[PDB]
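Count along the sequence shown starting at 1, add 1054, and that's the number in the numbering used here.
Built from N, CA and C at the ideal position, the CB exists for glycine as well.
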Amino acid sequence: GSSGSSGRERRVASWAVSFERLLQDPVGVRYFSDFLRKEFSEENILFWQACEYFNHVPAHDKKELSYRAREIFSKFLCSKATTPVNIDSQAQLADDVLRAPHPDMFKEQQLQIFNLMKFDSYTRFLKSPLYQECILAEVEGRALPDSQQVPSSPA
């Protein structure tokens, strides 16, 4: 009797070797995201993604930078922002992002969350049974479930 799967390399576990692997892989994110939602911490990952989109934008290009900087800001970083991220807007970014943003400045904030979750969520994500769901299929050799399908409430 065969054991495990012979389809592709170990991706389920690859989400433990490092963080870069968690994102790089479309599966590691689909599951990670859901987890956060469990405790209404999506904003954590939602914010990070945004940055990547902003930072990527060149400095010269303002039309875009602004649109994003402002949106992203008033989105997570603001006084009445729906859900403020752990990050502190004390960086007086507004006054900046508003007048003239920076495709590098964010690099700092974005990183803040990256590490936060990496030690906040990323850590638990593995401790939780959800992540294991894919593990069993990897060690056993079965298909992977659907994060969304998985009930937030534990057994």
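Quick check: what's the CA-CA separation for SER1128 versus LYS1134? Position 74 of the sequence shown holds residue 1128. Position 80 of the sequence shown holds residue 1134. Cα to Cα, the separation comes out at about 8 Å.
Length-filtered (4 minimum) alpha helix (DSSP H) runs lying within the stretch 1095-1176: 1096-1110, 1116-1130, 1147-1153 and 1159-1173
For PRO1080 versus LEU1119, is the C-beta spacing smaller than 8 Å? For the purposes of this step, residue 1080 is identified with residue 26 of the sequence shown, where counting begins at 1. For the purposes of this step, residue 1119 is identified with residue 65 of the sequence shown, where counting begins at 1. No, the pair does not count as a contact, with Cβ atoms beyond the cut-off.
Give me the Cβ distance between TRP1069 and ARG1075, rounded to the nearest whole Å; I'm assuming they're in contact under 8 Å. Reading the sequence shown from its first residue, position 15 is the one you call residue 1069. Reading the sequence shown from its first residue, position 21 is the one you call residue 1075. With 8 Å as the limit, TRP1069 and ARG1075 qualify as a contact, their Cβ atoms being about 6 Å apart.
Using three-state DSSP, classify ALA1209 as helix, strand or coil. Against the sequence shown, residue 1209 aligns to sequence position 155. Of the three classes helix, strand and coil, the one that applies to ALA1209 here is coil, per DSSP.
Assign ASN1169 to buried or exposed, taking buried as 16 or more other Cβ atoms, counted over all protein chains shown, within 10 Å of its Cβ. One-based indexing of the sequence shown puts residue 1169 at position 115. By the 10 Å Cβ count, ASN1169 comes out exposed.
Closest Cα partner of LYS1117 within the set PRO1157, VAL1139, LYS1092 and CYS1132: Residue 1117 sits at position 63 when you count from the first residue of the sequence shown. Nearest C-alpha to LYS1117: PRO1157.
Do the stretch 1185-1201 and the stretch 1078-1098 touch if we need at least three Cβ pairs shorter than 8 Å? yes
Under 8 Å, do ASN1098 and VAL1139 count as touching if we go by C-beta distance? Residue mapping note: residue 1098 aligns to position 44 of the sequence shown, counting from 1. Residue mapping note: residue 1139 aligns to position 85 of the sequence shown, counting from 1. Going by C-beta atoms, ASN1098 is nearer than 8 Å to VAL1139.
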